[PDB]
Structures are given as structure tokens and as C-alpha cells.
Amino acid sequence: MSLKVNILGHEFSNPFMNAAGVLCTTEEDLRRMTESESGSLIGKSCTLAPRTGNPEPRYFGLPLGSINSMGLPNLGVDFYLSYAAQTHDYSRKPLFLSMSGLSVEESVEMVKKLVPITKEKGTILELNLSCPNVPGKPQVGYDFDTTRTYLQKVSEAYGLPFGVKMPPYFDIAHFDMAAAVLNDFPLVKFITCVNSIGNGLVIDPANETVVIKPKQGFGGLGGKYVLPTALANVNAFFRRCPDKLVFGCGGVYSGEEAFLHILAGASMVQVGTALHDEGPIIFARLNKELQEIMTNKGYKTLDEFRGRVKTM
């Protein structure tokens, strides 16, 4: 039996990795992800210059998941590039970097710097088009003309296969429109579905007060809230973008959810809120739980069921 995944020119020991933003901001974070049983890892969504992010409190754990408005705290693109070029142990597992420049001009500058490091080390880019927690910066993926510009300019500047972190869509017409844009960019080799369900609001009934400080309490939702949305997006793009991979992100707490993501079409499975809750030991648990389901169903590889969800 094998959890192995062969994509983007690498063997991954298993399909599991962190969701961008979780356990991946500092060198220590990235060390712990590398030492974990995860198949891969991804660096915190970064900007050209460092950021400290939004004021506190900006994260609140919930019974059904999480709400956050972190505000893209990151050590700046040079930190993550240097991590990728010098620090990361590629013999352990491949490395992704998430990049979230807050303009096309910023993104172009950042990805340009990545080119030599991708060529030398094999570092993979996930372009973030969906951060919902930066004041005054709308989610790029909800504007298809803006999305087209980003993909055009990053395709030109970077010139190598890369992936995109998409916001969740909730409308068939939007799946169609998103896919039409994505399918015009052959360098987009993977689509990560999904980022947080944006701009939710949690209120404490006792003190009648919102639970996070930024944006009048409005924050991105993760965890159990998002699983059906995440599965839908995965499957919608799996079908609409057959020349691309899909990575699943959203609501994974166990082997069962991972199994569903993969059945829906996911090549890799990212873990955010649950990883925030449980720490990197979760990857060992997820590997075991997924294998148990496969054992019970008589599956020996992921390929026996990836993208084989049945309809009526």
C-alpha cells in the first residue's frame, strides 16, 4: 500500500501538506513542517517587504473551525527565497512558496526573484489570488479581468509552471468564468481550492462583542464550516480544467475528509485549521487514518479512487 503522489515531477510520500498561513511563517515553523510526516509544505503567503499583520486579537478558534484576520504577517519575500535556496532539505520533501503581492507590480517583482531558485532547487510557486483579510484589498479571484492580468503578467515574468490559490465560488456561472480564465494560461498547472470563506462574522452573546479586532470583526472562516464548499470547488475545477491539477484545501480533520477531497479530484490535500489546533503530529495521524480507509475498501494506491466520485 502507498500514499505516494507523482505530480509536478516529484514523488510525494503522501498527499498531505499545510495550508498556506499555518505553521509556515518562521524558519522554526518550516523546520517543524519539514520534520513532520507531511508529504510537502508551503511557506506563508509573502509580500515584497515584511509585514507584522493586523492588531490583536486576530485569530479565534471555534467549535466548528476558525475565524481569522491575520493580515499577511510575513518575513518578506527575501526570507522565503533564502529559506528555499539554502535552508530547506529537499531530500525530505518538495517545497512550495505562497506569494501574495498586493498588486500585479509587486507580484511580478516577487516571482521574478523566484525564477533562479525554482531552476536550481525545484521550489514550486502557489500564487495567492484570494487573501480576504487585508483592508482595502479585494479578493483578486472575484474579479475575472484582474485575475486575467495577474495570470498574464506572472506567466510572462515567471515563465515556469505554477499554481493558484483561489477563493471559493458559490455559483455555476462563476465556476465557468473562473475556468475560462484559468484555461487560457497553460503555465497554471495546479489550482488550490479553496481559501477561507471570506468576511464571516462571529459574535460573543455574553458580551455582545465581535471576537476579532480587525475589520469590525470580519474574518476568514476555516474548518468544518468550509468542507462542502471546498469539495464543490475541487470537483468543479477538476472537471472544468482537465489539463490542470487540483489541490484540495478546506475542512480536513481526519482521513475521512482527505478521502473525500481525493475522491472529488484532489492531488494534494492541505490542512489549515486542524493543523493549527493539533500541531504537526496531525500528519502522522492523517496518514494512518487514510491508510485505514483504503485498507477497509481494498485500495492499494490513491490512483484507485482519485477523481472517481460517483454521481446519480
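Heads up: residue numbers just count along the shown sequence, starting at 1.
With 280-288 and 264-272 compared on mean CA B-factor from the PDB entry, the stretch scoring higher is 280-288.
Of the two segments, 151-159 and 231-239, the one listed with the higher mean B-factor is 151-159 (C-alpha atoms only). Each of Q216, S103, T192, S196 has a CA temperature factor in the record; the biggest one is found at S103. Of the residues listed, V226, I124, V164, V134, the entry assigns the biggest Cα temperature factor to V134. The PDB entry assigns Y90 a C-alpha temperature factor belonging to the highest third of its chain's modelled residues. Per-chain ranking of the deposited C-alpha B factor places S82 in the highest third. Ranked within its chain, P138 lands in the highest third, by CA B factor from the PDB record. Per the PDB record, residue ranking by Cα B-factor puts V115 in the highest third of the chain. Among the modelled residues of its chain, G76 has a C-alpha B-factor that falls in the middle third, as given in the PDB entry.
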